[PDB]
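Structure, as structure tokens:
What follows draws every value from the coordinates through simple rules; no lab data is involved. Methodologically, a virtual Cβ is constructed for each residue, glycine included, from the backbone with ideal geometry; neighbour enumeration extends over all protein chains shown.
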Amino acid sequence: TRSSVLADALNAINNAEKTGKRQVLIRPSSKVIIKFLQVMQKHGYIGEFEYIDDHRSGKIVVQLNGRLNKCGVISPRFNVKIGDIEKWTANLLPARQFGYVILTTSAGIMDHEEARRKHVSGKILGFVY
Amino acid sequence: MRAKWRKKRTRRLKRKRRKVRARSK
Amino acid sequence: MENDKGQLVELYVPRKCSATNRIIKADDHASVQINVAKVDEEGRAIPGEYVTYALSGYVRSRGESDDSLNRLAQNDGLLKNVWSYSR
Amino acid sequence: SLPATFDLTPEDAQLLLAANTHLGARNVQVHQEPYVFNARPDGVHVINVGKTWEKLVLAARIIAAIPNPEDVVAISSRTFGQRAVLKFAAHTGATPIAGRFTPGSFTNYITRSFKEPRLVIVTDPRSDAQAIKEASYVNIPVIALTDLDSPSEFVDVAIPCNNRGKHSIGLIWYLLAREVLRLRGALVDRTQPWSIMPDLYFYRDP
Amino acid sequence: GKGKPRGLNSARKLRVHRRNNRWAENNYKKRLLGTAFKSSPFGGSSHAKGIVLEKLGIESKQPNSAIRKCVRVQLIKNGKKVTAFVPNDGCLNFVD
Amino acid sequence: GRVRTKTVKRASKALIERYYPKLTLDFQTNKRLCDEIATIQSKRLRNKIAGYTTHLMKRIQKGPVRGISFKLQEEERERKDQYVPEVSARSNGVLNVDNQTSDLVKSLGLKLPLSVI
Amino acid sequence: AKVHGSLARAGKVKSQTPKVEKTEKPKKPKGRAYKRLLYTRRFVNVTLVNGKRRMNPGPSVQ
Amino acid sequence: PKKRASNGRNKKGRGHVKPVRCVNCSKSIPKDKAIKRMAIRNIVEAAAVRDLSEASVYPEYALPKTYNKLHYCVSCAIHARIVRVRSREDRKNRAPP
Amino acid sequence: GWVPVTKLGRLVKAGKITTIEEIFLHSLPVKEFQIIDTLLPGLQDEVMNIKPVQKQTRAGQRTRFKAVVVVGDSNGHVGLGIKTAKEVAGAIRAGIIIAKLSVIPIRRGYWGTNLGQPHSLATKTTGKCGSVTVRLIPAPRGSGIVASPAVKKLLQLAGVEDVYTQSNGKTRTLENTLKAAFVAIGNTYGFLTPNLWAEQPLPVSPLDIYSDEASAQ
RNA sequence: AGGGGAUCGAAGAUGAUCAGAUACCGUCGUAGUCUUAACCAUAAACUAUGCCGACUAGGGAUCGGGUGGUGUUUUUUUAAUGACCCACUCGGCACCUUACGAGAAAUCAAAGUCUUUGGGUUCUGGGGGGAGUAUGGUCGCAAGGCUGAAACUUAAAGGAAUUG
Ligand SMILES: [Zn+2]
């Protein structure tokens, strides 16, 4: 059965870019998906996306604009001490000057760069680059 | 020898060793 | 790719496909650069002055090479009523 | 972009419906569905001829702008278009390739047929898959004459047609020649027909 | 996927299941059955000193061919009978 | 069996290609031509060759041979490849479209005389 | 397999290699001196070669 | 390695099928396997229809046929070259000759 | 005296094309080894290994020599050539040619701070030639090339100073490892960092700019 | 254990074959083969491929259901029904082509989305032997099933492909 929704989603996105596709249909929608795409689109990795109101759970149509190599989930959502944030970004990102490990803190879902500044930490949701 | 018949061999062997032990109750 | 005092280091800035914006690699020999001419006042095509698209080896092998151009053409105002966004 | 004299003009549309290039293939094949207008009863597909010509103009548009006219290789192993590509190559600088294509042309520079073009035209992507494959080892754009059920791999701008014989291959090749001559070359006044018959691109046998 | 629990709470299973597989490894299992203390001729000790009983002319295996000069020894701390090889040209004459 | 080798047949293809007008249908005359336009090391070969050159000749003058073409033949094929009647498009009684193909022209902006099927 | 072979010739060859005494020589330098010897020798003057240079060649090819 | 994506013959989505006995061997073989050839001939054979139709009664009559569906196992079908070996590729062709 | 037999070869000798990148940029199939010989001389070459391989004939046997050559300066360019032939001397020779015709461009970068002249790699990269996967990782200055000698040399000529390598699979079948570290650095110019999101209008291609001077007889 | 016991047929007997021939071939035939009431728990019990979820590609067949077609064919007059034809859509046993991708390869629409390594979850393997052995426990009337070592030994054992 469905066990992540957010992993199901980022997958379809990856398989879309890979196969040269320019759009995706993401079912179902969810808050965690939404704020994730925000962190993605705000950094220029996707285009516009658009929720669809079925009286159920949602759908999204995202616009891929190339330049996306891999957006991924990390499962389970591991607990990350603030000093271990580094050892993740070291592990699952290409170089020290781009790409993002987007987390989830009690100060809201955000990328590791930002959360570094706000001096917050928490659980790790996934990665983008 | 063929795996099947080596099985048969060790089967025989077992029963025989079982006997030998029983020789002392 | 900059550096310290803003200088442009690194060998060469690669082309980028016009259908996927994916880099066209140095050895991508299924990559294709179609050159399309511009017509002036009635017929008489202009030499030297092109409309150029860039297709990557991957889009072409997949057979989308055609349909990509149609969408890419109309967009740049080169065709009409051929390609249709809704399918 | 291209004005309005480049529109339909039912002089041309008459040629096409006369040459029956509007009749298509029963097997659609997904990459070719936009060209489909509608399906006849008793299983037949009708190409949207406006798109044919529209693509055709784009085809001639790409044949032109190629500097040297003689390395725009026109190719046909098929017989129904063998004489045709010859006549095109006559009126254009373009070099022709009739008969067997010969594996090793585009790659392999020792061969006594090392064409090194910058554009390729193809009558049938099936029966000429050899050169289409070869073209994609060496960075070569490809115009192609595709019916409804044609392979789309490594063809770029594809002109919908019929290529099931008769006067279809002959016409599109004729129209390509007429059009590349109206562009840049020496025809001018795109409103008047041609002294050259369109029946000059038909097969022999006889 | 991957065929192992990923849950945040699956630590016991992960911990115990590796404990369970550490046995397919010799050195580990050899270290927990205390085999060196039990089976080995030395007590796991690096050396052991014994008394020579007889000389042996052991023939080597294929595709070699020679007589390999050894002695049967009774280890003092065990009473264990072990056979050891006297090395170098004619060193067997040094031992009696 | 008498199967001529490639060394022979090669010389045969080569001569005819660049010496068709001079070559004839007769062995004896051909044989003498070879001594004027080709350096051959033994008499039999020259006779062997000149005999095969005439073999191709006697069937060139009977239709084109599979894989050899000279100037005088190329010209002959060019002329004959230009025949054009009173057209065969035309139309001798309008166009005879089926239907829906008629819906095509209507949904296009075009004149033309029509028909049904 | 067979454990009782012949102990008769226990050291046949050491006992028949004709003892030849060591020809004396000047002592080689120890410590830093020796490494100095090796720096200079091996790559400052450069002697014997082949397109590879050779450490210990016996009486060459000629 | 595997030599046929059909393994032996076609079972695919079943489990078990009942056996037949080779018409030559008597060997058992799953009916899904077993090289099967229909055999239909003439009771009177080709050469003898003459002396038959001549010597008979009835206006020409109408020759009967014997109907016999043969089942061979692999070995007997191979050896009697009812089937033959094909190249790694030729094997694929399921088309009758 | 080199005699150009292809369109691309002519333009180089004709001096109209002066730099290697011009070909890499428009992605052009180099087929005349003299091309890369002029556009990049002072280019070094080293024979890595020469292993023998063997066959068997309609009677007995057959045995010939296999060479593996790496060519490159020490800046952005390297190629990998494998050639087995009836001689030592031959196998090297035709190896260098195959190596040069396969010359590749290399996107070096900075591990962290961009303080004058790149030292390592843009991103992490990795190739795989049959089981053996090689993985190159950025490294601080001083780190050096951390690899197995064979790969270490391929990278010295590749123009690298600091890197970390991580290799899985049969690292002992030499010709397989090198073929994957090659694919590795060749993939650097394939990875789209945001350094390159910026769009261009696409150059014309010197085969059309100097089209006349390019044509044949 | 009772019934049954045509057929075929372990054991056994014979006839040949062979140097021998306890066999393959022929003949005879016990048990068995079938059933009822109890056991047994194993097979290359195979797709040698865990299950649930998602996504990535083209194509024509077919089984079941449904929808659409002033389609076809049936009476005495062409309405219902029936079967059939075309399109579509679910859910099935499969098949064909391709390779973007994967593999050591053979090959694979999964064995793909894996050093750009994390959707959930069960199970098993850790060089070859010794050995499925010994010992203990347990289940079975028995045959055996499940569970299951070590001493010592060994540099290979093994997979796919290649050319002879
Ligand atoms: Zn049989």
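Residues that are under 22 Å from C:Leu11 (Cα atoms) and either among the hydrophobic types (A, V, I, L, M, F, W, C) or within 16 Å of the ligand (Cβ to nearest atom) (or both) within the range I:140-179 comprise I:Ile145, I:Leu154, I:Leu155, I:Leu157, I:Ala158, I:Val160, I:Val163, listed in sequence order.
Residues that are in a helix (DSSP H, G or I), away from RNA strand J (no atom under 16 Å from the Cβ) and among the hydrophobic types (A, V, I, L, M, F, W, C) within the range D:12-51 comprise D:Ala13, D:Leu15, D:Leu16, D:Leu17, D:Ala18, D:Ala19, D:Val49, listed in sequence order.
Would a scan of the range H:38-53 turn up a residue that is within 16 Å of the ligand (Cβ to nearest atom) and either under 30 Å from H:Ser6 (Cβ atoms) or more than 13 Å from the chain's Cα centre (by Cα) (or both)? Checked the range H:38-53: at least one residue is within 16 Å of the ligand (Cβ to nearest atom) and either under 30 Å from H:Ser6 (Cβ atoms) or more than 13 Å from the chain's Cα centre (by Cα) (or both).
When I:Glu22, I:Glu46, I:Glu32 are checked against the criterion of being acidic (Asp, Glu) and within 14 Å of chain C (Cβ to nearest Cβ), I:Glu22 stands alone in meeting it. Taken together, the residues in the range E:35-46 that are near RNA strand J (Cβ under 10 Å from one of its atoms) and either farther than 20 Å from E:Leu75 by Cα or not β-branched (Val, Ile, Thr) (or both) amount to 5. Filtering the range C:71-87 to residues that are within 7 Å of chain D (Cβ to nearest Cβ) and within 30 Å of D:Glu134 (Cβ to Cβ) leaves C:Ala73, C:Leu78, C:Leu79, C:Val82, C:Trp83. Of all the numbered requirements in (1) closer than 30 Å to C:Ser65 by Cβ; (2) away from chain C (no Cβ under 14 Å); (3) within 7 Å of RNA strand J (Cβ to nearest atom); (4) among the aliphatic types (A, V, I, L, M), A:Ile74 misses one, and that requirement is (1).
The residues of the range H:16-37 that are away from the ligand (no atom under 12 Å from the Cβ) and β-branched (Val, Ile, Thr) amount to a single one, H:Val17. For the range D:20-40, a residue qualifies if it is within 7 Å of chain F (Cβ to nearest Cβ) and under 27 Å from D:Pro193 (Cβ atoms), and the qualifying residues are D:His22, D:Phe37.
Conditions (1) among the β-branched types (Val, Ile, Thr); (2) more than 7 Å from chain D (Cβ to nearest Cβ); (3) exposed (fewer than 14 other Cβ atoms within 10 Å of the Cβ), marked per residue:
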| site | (1), (2), (3) |
| --- | --- |
| F:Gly63 | no, yes, yes |
| F:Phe70 | no, yes, no |
| F:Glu75 | no, yes, yes |
| F:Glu78 | no, yes, yes |
| F:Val84 | yes, no, yes |
| F:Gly93 | no, yes, yes |
| F:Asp98 | no, no, no |
| F:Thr101 | yes, no, no |
| F:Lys106 | no, yes, yes |
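In the condition set (1) of a type in the set (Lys, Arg); (2) away from every other protein chain (no Cβ under 14 Å); (3) closer than 23 Å to I:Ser27 by Cβ, I:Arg108 is compliant with all but (2). Condition test on D:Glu153, is it acidic (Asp, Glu) and touching a helix residue (DSSP H, G or I) at 6+ places or on another chain (Cβ under 9 Å)? When the stated conditions are applied, D:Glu153 passes them. Before we move on, is E:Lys49 away from chain G (no Cβ under 14 Å), more than 30 Å from A:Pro76 (Cβ to Cβ), charged (D, E, K, R) and within 14 Å of RNA strand J (Cβ to nearest atom)? When the stated conditions are applied, E:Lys49 does not pass them. Can C:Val9 be described as within 7 Å of another protein chain (Cβ to nearest Cβ), within 30 Å of I:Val30 (Cα to Cα), β-branched (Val, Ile, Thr) and in contact with a strand residue (DSSP E or B) (Cβ under 9 Å, 6 or more places away or on another chain)? Yes; evaluated as a whole, the condition is true for this residue. May I ask you to verify whether G:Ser15 is touching a strand residue (DSSP E or B) at 6+ places or on another chain (Cβ under 9 Å) and among the hydroxyl-bearing types (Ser, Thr, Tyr)? Judged against the criteria, G:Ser15 is not a match. Only residues in the range H:24-43 that are within 14 Å of another protein chain (Cβ to nearest Cβ) count as the first member; pair them with residues that are of a type in the set (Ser, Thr, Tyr) and away from the ligand (no atom under 16 Å from the Cβ), Cβ under 9 angstrom, at least 6 apart or cross-chain, and list the lot. Listed pairs, sorted by first residue: none to list. The lone criterion from (1) buried (at least 22 other Cβ atoms within 10 Å of the Cβ); (2) assigned to a loop (DSSP other than H, G, I, E, B) left unmet by I:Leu155 is number (2).
From the list C:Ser61, C:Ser56, C:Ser18, which one is within 11 Å of chain A (Cβ to nearest Cβ), among the hydroxyl-bearing types (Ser, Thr, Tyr) and surrounded by fewer than 18 Cβ atoms within 10 Å (Cβ to Cβ)?
C:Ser61
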